[PDB]
Amino acid sequence: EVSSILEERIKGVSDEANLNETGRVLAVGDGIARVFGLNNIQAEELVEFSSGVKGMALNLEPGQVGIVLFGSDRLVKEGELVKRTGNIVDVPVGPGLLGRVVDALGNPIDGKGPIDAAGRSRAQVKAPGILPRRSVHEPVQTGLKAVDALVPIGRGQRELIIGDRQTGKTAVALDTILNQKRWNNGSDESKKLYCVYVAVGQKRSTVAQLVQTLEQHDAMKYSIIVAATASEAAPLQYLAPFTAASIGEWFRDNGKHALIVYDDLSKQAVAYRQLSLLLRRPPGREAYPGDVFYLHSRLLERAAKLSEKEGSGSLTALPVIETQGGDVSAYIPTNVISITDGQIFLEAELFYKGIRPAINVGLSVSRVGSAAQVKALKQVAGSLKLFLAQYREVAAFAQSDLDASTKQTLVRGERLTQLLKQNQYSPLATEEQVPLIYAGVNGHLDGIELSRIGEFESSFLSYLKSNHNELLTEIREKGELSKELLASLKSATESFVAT
Amino acid sequence: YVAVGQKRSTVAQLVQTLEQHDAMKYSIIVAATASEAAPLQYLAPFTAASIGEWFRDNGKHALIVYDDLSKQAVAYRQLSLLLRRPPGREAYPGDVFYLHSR
Amino acid sequence: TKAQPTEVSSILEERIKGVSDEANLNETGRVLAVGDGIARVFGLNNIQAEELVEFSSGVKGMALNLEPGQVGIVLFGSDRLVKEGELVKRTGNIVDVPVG
Amino acid sequence: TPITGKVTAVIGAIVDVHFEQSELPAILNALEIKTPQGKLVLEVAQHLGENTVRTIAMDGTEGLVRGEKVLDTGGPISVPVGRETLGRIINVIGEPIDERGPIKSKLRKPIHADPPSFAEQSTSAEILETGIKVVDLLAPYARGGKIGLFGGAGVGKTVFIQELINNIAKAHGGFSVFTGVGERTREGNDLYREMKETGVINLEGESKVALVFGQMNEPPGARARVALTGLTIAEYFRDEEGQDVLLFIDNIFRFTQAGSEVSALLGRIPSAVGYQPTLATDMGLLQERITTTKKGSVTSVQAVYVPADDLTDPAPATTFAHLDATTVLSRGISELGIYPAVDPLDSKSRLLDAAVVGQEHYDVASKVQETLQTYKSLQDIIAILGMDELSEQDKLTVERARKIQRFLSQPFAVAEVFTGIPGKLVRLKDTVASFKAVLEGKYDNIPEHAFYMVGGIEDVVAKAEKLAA
Amino acid sequence: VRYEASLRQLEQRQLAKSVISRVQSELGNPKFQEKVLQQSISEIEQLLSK
Amino acid sequence: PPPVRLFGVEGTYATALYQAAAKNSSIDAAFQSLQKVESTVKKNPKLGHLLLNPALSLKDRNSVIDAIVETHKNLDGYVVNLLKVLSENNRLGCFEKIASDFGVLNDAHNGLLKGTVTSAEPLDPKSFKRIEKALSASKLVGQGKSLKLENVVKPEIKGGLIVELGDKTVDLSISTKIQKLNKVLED
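Chains as they are written, first to last, in full-length UniProt numbering: chain A, 44 to 442, 445 to 544; chain B, 240 to 341; chain C, 38 to 137; chain D, 40 to 508; chain E, 193 to 242; chain F, 24 to 210.
Laid out in structure tokens, this is it:
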């Protein structure tokens, strides 16, 4: 059956190729092997051992070359013959990777046949220059109003999502992918995002839940999943983000807009730490190796909104950092913060105190966000960041601030907070977000008692669509509110609020 | 006045102030600016001491300001670690006390 | 076995040729490890401890490490001026300053 | 030169060559290995003897085959300087990455250079105004000065500097240098775009700022010598042109950091934290090549990405030695929402002398320092127990200080977008007046939020009326 | 369908044990010798093609 | 630089010997004398095969040397300086090490190439000869470079073959093909 076809494939393998050179392994262990020979080796080549494991030569030393094993020690054996692959470490890239889970090597762990890939491209590739870059302008709509007003994110934009462990950290990103399902189920290539979810240092079980979740939301067909689970060897984990970014760069260098979410670069740090220590390179600050800054920076800067001349390329980057009980001062977090532009710090206290999503607004910034932001969402978003940093101040001294002015702000602020909350894995449309922000900003949400705010939101939206979805279509295309649209919305909002 | 590890601009400001208050006449400035070699920085206090000893020996009274001995320690640290003697705690060499004490 | 300061192939090859230091290296010596502003010279078999050594580049360097291998002369110079394989001639004076 | 060698080792980007000739490149000479990637520039840093130098590699070492031909370029690489370097972005090697084609030049000068002598110095004293209130009050700039900004991104390192470029460099007429070590590429592209827009560069027109940009993607070794390259461009302006210069360096923690990376590989026992044992010397060389000589005055601005804001980390510590003004900006004050986020009890200048800014200014500043220090002192008491459980004298002080803190908030002009508030520029003479009034509590009688995010004293009053409405 | 896919996998692992049976067959036979002679001449041909 | 750069662990000594005696041109002579004393060392069982390893003095080491050079009246003089060096550095364990290394360099001067044809079991001489011919015919062996080919028994590899020489190998083995077959039927 299938067995006969496999057997046909088996018949279809039989080499007779000459081996340019081999080496013989010397002392081996610590996930590095020291090989004798390999004199014609290129640096950062891939070598394949006769255990079938492959490794990357790191230290080319007089008289010996020291492979780093991308794969388990158990397989490799002393005095084993190391054969040169002959190629610098490259991974398959192409259009066929969409809807395929792969491991870092590019093996199909989805098992939907051998991967369809146009090319292979070197694992490390230099980031495009100054002249290749162009300032961002297109939005990425996450479907979380806060993460679209308070933090607007754009195409090709480097950004940071930082916060406390397994607070459904992953969910925040998943929602972005889900929200852009309708944009990606669009036919406009520009508004198509090809999203790559890099799972590093995660339980293979957890990843399987993720895959199933994505396939439940049928989002898999526009997305690639790269996997470097906790079980997978520490050098494989080390090269895992870099490899994922190569795949992303192929899309970027198709000019196509994309997104890559690197969950969690904090686990890449631990991996690189392990590797460094096992290479007996002296421990750096906080015992994390001294090139840890370099590691992250080289990874991160391979995401860019390439200039229209160079392709109009985009590859948005969201890298997910796992803070150890918060406190953003901490070497690994600070190193990342410096590279990224914008942070989306999440607050545990708020999470516990039932704000899902728990987007701390004290420590969420977007350092290039407003360019991406759509004009509709600039107009309706009337310095809401300022307003809720007046709410933040007001409630700071509330427990004093008994002034009616402060109270008015507090009433608005608390109620506004209710609007921010969104039931995770159910993201709101951008068009729909425009009225909600109008309502709250224009203070028609004081007209809603705090308890009934949730009811108000759904009902308000239902009312608007029924009353006139004409407005919503108009702002959907115009992406701006004219004085008339603004008035129409004010009037309509007053109408529902009253009712 | 011994100035170890300090920038030329700092030294220049000092000489300007001393000349302004007209006291440079009875002052000696022994200097080893930050740029100048770490061995020379290390050697600088001990030779400043010698200059002082000529006054002391002569039976005259004098005063030596050692700004900053902390920079001597950094210098001796650099020196020691590149003579590759095993370093003392806080990377400052194990015999840093002997040097400073003498 | 172990690393030894006489491993240096030029020293070593002279020994094979039955050629010796010849005691010129009781007062001269040939630089052979240098960089980082710290040199280590082979020779100088007579040399006061803490002596000042006039490098043939022209720099002066005090000598703080004396090893049966290579006496470690801490340069007061600049690296760019210095070159390897140079001869160094002993000042013959432990470090001293004019005082008055 | 036909002095050639082969690559014995490639242990990281600290390649080792074996010169098969009996002629050996000298230390700080440069070597070119010709690659199908173009060239690789390496710079001799050690002689390990047996005719094997150990060389820092200025560009990436991916793909190198051991034994590959080395050819000796000789001496420190000499960048090209001139007026034709004005408005150019040059790579570490020096190749124009702003693609105005090869920079024709008169003089090419070696990247390594000796710092001007103690004899060659000129002591400045001229105040340089910024128009930023907090800066003016606490630690004003000075022409030729070396000013320094401490605190990592988490203050938006670039944002502070951008304001300085916007204000100071539009009124500076001399040449100006931006050299950005490990600068995140998009931000650099933005700066280039902005500069062209604000005409400080015009690529058909004239330019009067020059640029060196080293991206943080660049291999660590490259980042190490970005600074030295910039210093050469600066020397040409300072010396040969003689014209007054500005200089901005962002980020010189990245300069140190790059050094710290190479140090281990170089073969050095790494000193405390991890910094190179040659940290002090290296810092020394860089910071003594930016001095104000009799040949010229160069105002320099240094940006330190203080690792996790630990100033006790040796690299930030060694920066303090070579600065005459500092403006440490704190993450806490950033959380308080104050932009500018400069910590006010951790700012200093040698230019805060009473004979410099005048006794009245000094007295005014003195009172602010005392008041704020009291306010910081009572932070414990305030948190543990209310302000109404503080002394009558103290509650006034605290109320005044709360106002002062909010008053320090000035809308940023370059972050006019980000703040979303139209920027301000406030004269130094005006600043003294404004603070004088506040200290006499003259206009203290109106909301503390009226003092928040506004310019001059007059603006506070008007905004009080606005708030009142 | 689920059992069908399972049965295909089961067939594949069963045929894996058939490979084991064949490994024991080759290493028994003096095909172990005679096909080594074939490999020898094949390498002679290969190395001659250099 | 002199042919073949080995630079082993105390092979810098071997290198030194090679180049120094190469310019004396008495490398074959040196090698022969070194071999002769090495053989009589190997055939000296108490000491130098039972005190090959040191624990001796400088002076006693020297006196061990004096007996060693007493046995040979033809012993060159560069290897008598090498013996001196070994005595002075008090290494005697790297006596055979140097011998092997100097041998590699020496036979590089000779231009003899080495190879190996590992198999499970030792094979026919007819096959050996045909392969030796083939290897010499192939460009793999250069002209002015001789071939030494050693069949070895490597029962560790069961079946298969690997031809090896000049660090370039052709591996037509059973094991790898079996591995690949297995792997592909685990696909």
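The beta carbon of each residue, even a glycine, is placed where N, CA and C say it ideally should be.
Below 7 Å CB to CB, which residues in the same chain sit around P486(D) once its five sequence neighbours on both sides are set aside?
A503, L506
From which residue to which residue does the alpha helix (DSSP H) around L40(F) run?
35–45
Ordered list of alpha helix (DSSP H) runs contained in the stretch 490–540 of chain A, each at least 4 residues:
498–513, 515–523
Would you list the one or two residues that DSSP bridges to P149(D)?
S117(D)
Measure the C-alpha to C-alpha separation of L141(A) and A301(A) and round it to an integer number of angstroms.
12 Å
Chain-ordered chain F contacts of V56(A) [CB-CB under 7 Å]:
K203, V207
For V134(C), which residues from the same chain have a beta carbon less than 7 Å from its beta carbon, with the 5 sequence-adjacent residues on both sides left out?
none
CB of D483(D) within 7 Å of CB of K442(D), strictly
yes
Any beta-carbon of chain E closer than 7 Å to the one on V176(F)?
no
Under 7 Å between the Cβ atoms of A277(A) and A314(A)?
yes
Nearest chain A C-beta to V193(F) closer than 7 Å, yes or no?
yes
Taking only beta-carbon atoms, is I53(C) less than 7 Å away from chain F?
yes
Taking only three categories from DSSP, how would you classify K212(A)?
helix
What are the start and end residues of the beta strand (DSSP E) that includes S388(D)?
381–388
Beta-carbon within less than 7 Å of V367(D)'s beta-carbon, same chain only, minus the 5 sequence neighbours each way: which residues are those?
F189, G190, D382, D385, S386
Is the stretch 82–100 of chain A touching the stretch 90–107 of chain D in the sense that three or more CB pairs, one from each, lie closer than 8 Å?
yes
Interface flag, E203(E) vs chain F, CB-CB below 7 Å:
no
From the DSSP output, in three-state form, read off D229(D) for me.
helix
Just confirm the distance between the C-beta atoms of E181(A) and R198(A), as a whole number of angstroms; I'd bet it's less than 8 Å.
4 Å
What residue range does the beta strand (DSSP E) around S407(A) cover?
402–408
If contacts are defined as beta-carbon pairs under 8 Å, then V125(A) and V183(A) qualify, I think. What distance do you get, rounded to the angstrom?
Actually they are not in contact, since the Cβ atoms of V125(A) and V183(A) sit about 45 Å apart, beyond 8 Å.
Can you tell me whether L177(D) is helix, strand or coil according to DSSP?
helix
I'd like to know if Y101(F) contacts chain C, where contact means its C-beta is closer than 7 Å to some C-beta of that chain.
yes
Given that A208(E) touches chain F, what residues does it touch there, using C-beta distances under 9 Å?
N205, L208, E209
With burial defined as no fewer than 16 other Cβ atoms inside 10 Å of the residue's Cβ, what is the status of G165(F): buried or exposed?
exposed
Reduced DSSP secondary structure (H/G/I, E/B, other) of residue 170(C):
Nothing about residue 170(C) can be read from this structure; chain C reaches only from 38 to 137.
State yes or no: is the C-beta of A287(A) within less than 7 Å of the C-beta of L465(A)?
no
Cβ atoms of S274(B) and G323(D): under 7 Å apart, would you say?
yes
Limits of the unbroken beta strand (DSSP E) element including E104(A)
97–104
Count the other CB atoms, across all protein chains shown, that sit within 10 Å of the CB of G122(A); report buried if there are 16 or more and exposed otherwise.
exposed
Between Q230(E) and chain F, is any beta-carbon pair separated by less than 7 Å?
no
Interface residues of chain E facing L163(F) [CB-CB closer than 9 Å]
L239, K242
Would you say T65(A) faces chain F, with C-beta separation under 7 Å as the test?
yes
Could you check whether the Cβ of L69(C) sits closer than 7 Å to any Cβ belonging to chain D?
yes
Could you check whether the stretch 136–148 of chain D touches the stretch 345–353 of chain D, counting it as contact only if at least three pairs of C-beta atoms, one from each stretch, sit closer than 8 Å?
no
Pick helix, strand or coil for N297(B), following the three-state DSSP scheme.
coil
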